[PDB]
Structure formats: structure tokens, C-alpha cells
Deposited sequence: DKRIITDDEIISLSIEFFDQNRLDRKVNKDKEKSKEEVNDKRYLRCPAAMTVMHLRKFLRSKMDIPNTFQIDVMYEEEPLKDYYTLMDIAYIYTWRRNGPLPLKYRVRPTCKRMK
């Protein structure tokens, strides 16, 4: 979609207006860069307590979690050591 989605992102709060076509993979990469997070760690992007798959678009998230455009889509995130 050619639509803009408003959302927030906090560590398991900054606000974002983004293209709804953007994916979890893109956000993780944005976080990776914003916070300077090394490859020594993994980033889970989550809606509530459940991580999201990397191919999910922000629409998919709104559709899956039946977000009613009441406020920004609340996303959370977290880092784990990788191996």
C-alpha cells in the first residue's frame, strides 16, 4: 500500500511515521544502526510478547493484530546473544 503507518518502538519509546510496506527486517536494521548493535547480538521485534517474522509488513502486523488506528502501532524490541 501507498499508506503511512504511525507507530512506536521501545525496548522490552520513540515514534515513527513510516511506509506501511516496510518490514520487520527493515526495522531490525534500523534499530541495529540507530543503537549501533553488533552482530554479536540478535534483535527480536515484537508486538506484545511475541516476536514477528522478518517478512511481515507493518500492514500485515496491523491486520494480524487487528489494530484499529487508535494511537500508533506499539512495537517493542529486545536483544539476545546469538549462536
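By the record, the deposited chain contains unmodelled runs at 1 to 6, 19 to 40, 112 to 115, with no C-alpha atoms placed there.
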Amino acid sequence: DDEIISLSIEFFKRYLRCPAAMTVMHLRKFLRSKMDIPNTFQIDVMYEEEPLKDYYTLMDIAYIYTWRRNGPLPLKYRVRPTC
From here on, numbers count along this sequence of modelled residues.
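As recorded in the PDB entry, 47 to 55 is the stretch of 29 to 37 and 47 to 55 with the greater mean C-alpha temperature factor.
Ranked by Cα temperature factor within the chain, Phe12 sits in the highest third according to the deposited record.
When the modelled residues of the chain are ordered by their C-alpha B factor, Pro72 lands in the highest third. In the PDB entry, a CA B factor belonging to the middle third of its chain's modelled residues is recorded for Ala21.
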